[PDB]
Amino acid sequence: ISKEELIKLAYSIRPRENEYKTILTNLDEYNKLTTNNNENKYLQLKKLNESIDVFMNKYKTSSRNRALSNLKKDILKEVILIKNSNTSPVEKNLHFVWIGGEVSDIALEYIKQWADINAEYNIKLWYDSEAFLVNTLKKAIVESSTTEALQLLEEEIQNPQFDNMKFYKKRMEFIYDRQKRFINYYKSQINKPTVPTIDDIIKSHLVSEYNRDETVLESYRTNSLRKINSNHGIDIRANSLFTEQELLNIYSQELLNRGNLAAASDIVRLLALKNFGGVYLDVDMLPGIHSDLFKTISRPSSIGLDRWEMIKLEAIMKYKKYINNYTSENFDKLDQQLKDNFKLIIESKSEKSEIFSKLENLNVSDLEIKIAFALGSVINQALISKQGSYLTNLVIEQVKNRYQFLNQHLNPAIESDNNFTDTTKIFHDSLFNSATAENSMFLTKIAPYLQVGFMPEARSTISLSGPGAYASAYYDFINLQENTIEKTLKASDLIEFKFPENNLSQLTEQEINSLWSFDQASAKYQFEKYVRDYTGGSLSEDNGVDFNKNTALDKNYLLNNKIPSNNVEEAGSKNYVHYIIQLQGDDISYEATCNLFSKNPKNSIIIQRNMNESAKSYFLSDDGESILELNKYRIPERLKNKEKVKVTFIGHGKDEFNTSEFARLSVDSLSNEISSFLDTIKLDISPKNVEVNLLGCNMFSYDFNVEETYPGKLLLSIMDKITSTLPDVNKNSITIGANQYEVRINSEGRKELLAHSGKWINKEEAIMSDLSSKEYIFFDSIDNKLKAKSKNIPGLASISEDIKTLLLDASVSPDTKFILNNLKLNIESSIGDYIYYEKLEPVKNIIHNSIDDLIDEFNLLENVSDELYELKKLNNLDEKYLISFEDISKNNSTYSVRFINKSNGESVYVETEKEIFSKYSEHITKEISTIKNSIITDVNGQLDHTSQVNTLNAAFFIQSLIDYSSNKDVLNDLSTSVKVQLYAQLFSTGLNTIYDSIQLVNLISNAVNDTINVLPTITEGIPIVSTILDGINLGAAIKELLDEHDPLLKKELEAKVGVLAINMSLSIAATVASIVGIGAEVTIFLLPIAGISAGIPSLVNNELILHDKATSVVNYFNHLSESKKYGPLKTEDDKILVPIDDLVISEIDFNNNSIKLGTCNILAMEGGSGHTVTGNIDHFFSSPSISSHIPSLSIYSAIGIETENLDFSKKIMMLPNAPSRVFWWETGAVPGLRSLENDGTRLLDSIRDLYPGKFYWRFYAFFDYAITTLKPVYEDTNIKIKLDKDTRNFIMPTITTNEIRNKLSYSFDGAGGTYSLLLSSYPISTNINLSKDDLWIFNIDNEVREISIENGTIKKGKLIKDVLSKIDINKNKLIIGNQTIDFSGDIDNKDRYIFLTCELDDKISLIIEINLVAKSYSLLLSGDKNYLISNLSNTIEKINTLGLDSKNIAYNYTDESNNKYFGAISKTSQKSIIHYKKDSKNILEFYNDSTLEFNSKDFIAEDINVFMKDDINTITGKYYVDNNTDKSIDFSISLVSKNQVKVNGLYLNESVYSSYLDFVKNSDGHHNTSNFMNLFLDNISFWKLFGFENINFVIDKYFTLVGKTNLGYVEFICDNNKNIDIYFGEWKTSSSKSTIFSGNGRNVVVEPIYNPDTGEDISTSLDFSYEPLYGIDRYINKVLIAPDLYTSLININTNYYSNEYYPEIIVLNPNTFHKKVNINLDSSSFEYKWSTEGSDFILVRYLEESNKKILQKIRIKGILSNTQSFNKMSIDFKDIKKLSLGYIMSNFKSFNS
Ligand SMILES: [Zn+2]
């Protein structure tokens, strides 16, 4: 009913197809106008359905096919809706048919029951008034012909070994010739213009050529015309039933030519319902009984279901009568309590009115026709149909087409007047020349058409005017097709056409007898009566030989005749014990017991029960050569463990149709004997099942109603009496077989027969018929009724194969040829019925094989998919309704499925009775649980993936479901539902635990758009070894470290997993080299503190006084002048530029070579009275210095300032320690010191001269006055430092007084160079402007160590604890106690780092690699290798002393002459590896403390990487085998001892893995373990990459190997014990991929490659060959090829003869829209044999090449399940192409299994 939905629901990248446009048009026109009624609605979707097929077959690879096949599923639903729509009562008519003669009084009483209860309806019994002597004629011909055949073979008949078929054949020859005489006599009296009625011509023919009288015959016509008319009679010739001539011809063909009144009746049935209302019944039917009549009565477990329905009818008629002599025989016996109960419940009702049910008004459709059922198949004993009902026409259309085919071949055969023998030979040859694959079974079913009704085992009526035509017409209506010959019916579709059970009452005394088929079983006794009447004779089948001569076993005869001269060997498994029991003392049963024992003398025993007292169980001993004896019916020891109990009772039987007495034992008489023998057996064996054989004359296995028939009556008695005696015997695993003969194979190879004659004779037809007639009856699994297990399919084939070779040769009777041919066809027809009736159940292995588990999963998915689609369709759910399998609740009667709305986050619940969702729920949650519980551990978490052992199996199916829901793909809905469920389970609680709408939407969204990989996919390079440590898989983490290329993210990972990978880049080695060298230079030479030269101020009462005396002040100006005369900076030791002490430097400019000076001032004075100067001495009258309200004087301005063009050649420089300031000062009475001459006095005079009347420091004013003190006030200043690209080294001045220090602040401006700054013990504010984030080194020597001042200089001491225990890092600011370095001009440069350095030792340097952005740091050591290793124990101690927390320490050092050293150290355990390249060859050393625990003077490898983590070290790299570039090996290596080296895992490329596979091929010693993998390294000479030869590697438990074939990869794992096995393998060909994974067993799953982009065309082929299985063929159990909808071709290349073992290839049978699917084998048709194990078909190829036996088995699952699946298949060979499986069963040799 999909309208606009289908389009856009079925998209393909291709433009809209032409035929698809037709579908859309037809799909619309069915929805555009849906006006009632139904017949038009049916034909329209029939157009649509056909329209789809036209497309789906033209564009097989189109992406629209999946959704169009969905529509067809919906269209099939539509046909059902249309049918059960128009529910209106059917017309009021009952139809019965009696044609050919006089209606029996029995029938009339049956019909009278309906007319009385259903007075509403009026019975219109049909009859052919022109033909009342047809039945009278058939008898006349049969009787006359029977007598003719008897006289023809009168001599032959007296022979006991005379097959009764030569009679029936010779008779049929006479029947036919006598029939033609009538047909010709008829043809000669119809052409005449005067028209004589049919039985009028019959009357003339009977009295002429036969001994009849017209007066008698005409009397039989009169009283059969009034009798039929009085009893609701209506003529067929008087009403226009045969308005169509084609039907009258068919009817007349069955009425006149062949004496088939039954087949003629079938034609009248259909037409009566085509013209009138539809309720048809037979004369053996009865009205339905009320379901309340026997409601209170329980059903004994002694009688069958069918018999229970019989006795209910029988209980009525015994008193209520309604029948003259109704037989209540089965009801009479032994239950008086229930016999009295039935009487009252019937006597307590109104007479006849309420005894049965009433049809009332039966509502049927204008289309449908309802037919009665019988044991799962349709039968036309009851019919219901609207007039001209659509299906009623289909049955008629069927019948016509059946006869159209029949007569097309039969008429030309019949036309040429030949005898029966040659007429049939023409017909058969005519049939199987037009034979196809679709009508093959129909042909063999209509081949004995002429013989029908005159020869046994010939039933063509069924396939022409019988149930076969009905069933075919049903399939026609259901699947919207026309003219189906023989296609399967599913009982789930038959139910809606089933006749209402409350009205049937099918089982009746007459109906039971009408079901007795005309077989060779009944032909046995009917023939006997013919001879019994022809001659006054006697019984011979028992009489004549049946004696009491109880001969005991001749041990010599049984050992040196029977056992050795036996030629019969059975292929069935010998796990069984056989109880051959002789019941009678004739010489016939004796010779039989000795022969049956000879077949398997080591499994069977002999018990001559015929001797009641001396009944001992003879058998062959544990050894041969003698027959040991043993009383008490028991068995030897070796036959006690047997699973199967086989028992054969040998004895003669009563000469009666359906015998009731076997060997003078009644039904209940043998049961008491079986019970009084079974108890004696229980002490030796407790079997799982039992098989009861009954051998002897007149012992057949009947077709219908085996219940109420020996030994069907016997199985009931034994069943409950054997299941309580022998435990472990399934309630229904009890088979019983009735055989008549015993067969041997003589010295020439011909099957022989032990008849009552007492001699073994060659009666082929008797033997072959008996072997094929035998059946095994058991109890139904559903406890329903008694069913017969299907015969051995390769068995019946083996029989027909024997028949063919008999028919092939010329030395065999034409009489026997004819019968064996009819037998062959009957056998061939039987095999075909098993596929048509769906009687073949799937294989149930004794043990749950691993391959079956897979098959049950693929099948499970297909069911849950379709059932979900049907569930969502019935309940109208869009694409926004996600099913929650976690929420399949179970109400009282139905389940309750939750559907989460993906849009609003709400959920809706729907109820279904289907338990498929419930079961898939349990399985899918279990799998998901297995996945989550494989992602350990709990503490750390989001990918971990610590997969192991079996957990891959769950991971496979889930991952295969996840990937189906590829991003931005619509279907399947199921695929996403599991993906969401899994997602919710991994990152949240259960999906069933989430009710929040907003949460659900966001979850489902993220679940869909993210990608989850629960399945490990193999990659090139180092394999991931699952070695758990500290909650992290180190092997997994390492693999990421090799693959992560962003050096930062690589460092980020190292910080997380606590793993240190060593760096070998020469860029880092050089960087470190420059850094360590700078620190060493700067930290060694000691320098003075500020300020020993200028003088350190001493605070006194809230003001700073720099100097006390005038002499001290002059000295300051002396120092100040001395300074700026040598320049603003001083050079010392030709190493460092030091500024003048207390000289205010405001700005240093390196790239321009200039300096800015700050403000250094001194207060001015004012207003002197009298000024004179005499001899450099000023005289005054007290000029006061302001204190202070007057402008300041510049001290520096008077000094020789020299700013520009300085020599900044030196890289090392001391930082200025002088803040800008203004000097407060006063004068004091100072005597003497006149004409004191210093460079400061001159400078002081330079201030005096430059500043007239503003400054005077020494003067006379009635007293000698001079500048007494000098007290400064510091204003905080900033020293901006402008750098160049050149490298600059800086030292921070150590300032004692806090007042001076706090005023200072530094500002650096980078320029892409190397800058270093030695930190002072006393913190000075600093800020750095990062340009290019160039090299910035910081020596923390003075802040990490203990510091004190000696004679004005700094002395570094011991290290202070916990200094670096607290380090603060930010992109804008770095804090290391005590200094705080701010960072401005911050380029957010992720790349470049910051370095901290200090000297732990004279030669050992520590380096801290810091990233501002990353907010973290790393540790590094530099120095001499040998010296470090020695002092390692205590230098690692130093690092812990400082407070550094880094778990691992890197080692980088460049030596003199430029040779570099690399390595890493673990802070704990003190283990370290060191690598370097001396003389171009690689050298690595493994150290533990000061001990060398491994060495390698030469290490041949590339891409070398060293990893450190606690005790564990890992070395990766690529190695070349035998120095060959193609031979590439990637290795994971752990160093442990001086000699032994641990191997973690290996990777092998195509060339090396081929060397491995070849090594593995010849590896089997046959068994030397565990030195296997150690031996491969010996072959590869893996030691040769190391230096020395004497090495022993160790293979870890978690060792992981991986090789690369040209199709994929295979990853091996070492098991619990050291055993190598396949963990996970995956290779893809052009069309498909194969997957093998640890858990599912050792199987390979072949799946078609799924392309994500759906729109593009899909592949329609699968490819398999044994070639990818080379070398690893020992690791593989079986191969499972699993195709999908888009698969029609399976290419299997079977000519790869390089493997010893070939896995069984199992091909699954999925549903497909394709018409045909093919398996193309690249081998010949011969070399192949076929077999059958349950539902699946088997082809096995045997070939002998290179002195090697080759057996290639191929099993196609469940093909024989139904006709639909059986005809999908075709098989291609190199010689013959396109072969049906039916053809293969016919032209290939079969074999048992
Ligand atoms: Zn007998």
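Letter by letter, the sequence shown follows residues 4 to 944, 951 to 1802 of the authors' numbering. From the three backbone atoms N, C-alpha and C, an ideal C-beta is built for every residue, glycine too.
Extent of the continuous alpha helix (DSSP H) to which residue i belongs
i	result
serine 678	670-681
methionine 702	It is not in any alpha helix (DSSP H) - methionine 702 carries neither H nor E in the DSSP assignment.
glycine 1030	From DSSP, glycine 1030 is part of no alpha helix (DSSP H); its letter is neither H nor E.
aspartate 869	853-877
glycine 307	Taken as a continuous stretch (DSSP letters only), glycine 307 belongs to no alpha helix (DSSP H), as it is neither H nor E.
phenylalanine 457	Neither: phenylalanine 457 is in no alpha helix (DSSP H) and is coded neither H nor E.
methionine 1582	1582-1589
Candidates the options, of which the one nearest residue i by Cα
i	options	result
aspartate 1377	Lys1469, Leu1453, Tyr1331	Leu1453
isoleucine 780	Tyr1205, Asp812, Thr712	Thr712
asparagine 1718	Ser1674, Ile1763, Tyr1737	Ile1763
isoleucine 591	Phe550, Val571, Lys142, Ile300	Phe550
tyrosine 130	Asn60, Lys988, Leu264, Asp31	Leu264
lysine 1312	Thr1286, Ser924, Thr1296, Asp1318	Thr1286
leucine 1038	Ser1795, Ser833, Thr955, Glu221	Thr955
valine 1182	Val219, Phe1268, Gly1136, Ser1102	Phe1268
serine 1006	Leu810, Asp1624, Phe600, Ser910	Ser910
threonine 1523	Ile1483, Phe1722, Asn1532	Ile1483
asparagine 486	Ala472, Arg901, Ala494	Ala472
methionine 614	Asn606, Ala1227, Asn553	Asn553
Where residue i falls: helix, strand or coil (DSSP)
i	result
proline 1148	strand
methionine 1301	coil
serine 1774	helix
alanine 377	strand
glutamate 1754	strand
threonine 819	helix
Beta-carbon separation (whole angstroms), residue i vs residue j, contact threshold 8 Å
i	j	result
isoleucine 1210	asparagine 1170	About 14 Å; that fails the 8 Å criterion.
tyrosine 1528	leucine 1594	5 Å
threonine 1212	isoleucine 1157	No, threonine 1212 and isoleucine 1157 are not in contact; Cβ-Cβ is about 11 Å, not under 8 Å.
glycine 1612	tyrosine 14	About 42 Å separates the two Cβ atoms, so there is no contact after all.
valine 455	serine 443	No, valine 455 and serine 443 are not in contact; Cβ-Cβ is about 20 Å, not under 8 Å.
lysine 619	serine 674	Not really, about 24 Å apart at Cβ, beyond 8 Å.
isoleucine 1413	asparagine 1387	About 24 Å; that fails the 8 Å criterion.
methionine 1222	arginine 1297	7 Å
At least three beta-carbon pairs within less than 8 Å, the region 163-179 to the region 509-529: yes
Cβ contact check for the region 148-162 and the region 273-286: 3 or more pairs under 8 Å: no
Inter-stretch contact (C-beta, 8 Å, three-pair minimum) for the region 139-152 and the region 377-391: no
Cβ pair count under 8 Å reaching 3, the region 701-709 against the region 738-756: yes
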